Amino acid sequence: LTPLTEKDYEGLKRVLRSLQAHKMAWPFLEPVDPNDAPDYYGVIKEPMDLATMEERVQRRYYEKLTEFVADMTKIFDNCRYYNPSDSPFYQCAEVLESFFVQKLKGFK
């Protein structure tokens, strides 16, 4: 996908902030605390979270949209692999990803 422009980055900031503000997003705001998730970091080999993505956005880490979508998608894949499908954490990923899709389409 095409190189991110400066205006692109403003839209990414906006998408990121919308996700950070969502009621269901609290489990993903910061790196998982291993006290809150037993053996999380033995299970999950590529952790990701919204504070880590915000750092990357601020530093202009992303060069194409697909890299941004990749990190976001890691957040939901991680949660759904680590937790069972009836968990409330799993549902939090269901809700937030569909919101991300809605916002991503708006971004393009």
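Take the two forms, superpose them, and find the largest set of C-alpha atoms that agree within 1.5 Å; that set is the rigid core. Numbering starts at 1 and runs along the sequence shown.
Each structure in 5 other deposited structures of this protein is fitted to the shown form on the rigid core, and of 74-82 and 32-40 the C-alphas lie farther away on average for 32-40. Mean CA temperature factor is higher for 36-44 when stretches 36-44 and 22-30 are set side by side in the entry. The PDB entry records a higher mean C-alpha B factor for 79-87 than for its counterpart among 49-57 and 79-87. Annotation for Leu104: C-alpha temperature factor in the middle third relative to the rest of the modelled chain, per the entry. In the PDB entry, a CA B factor belonging to the highest third of its chain's modelled residues is recorded for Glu63.
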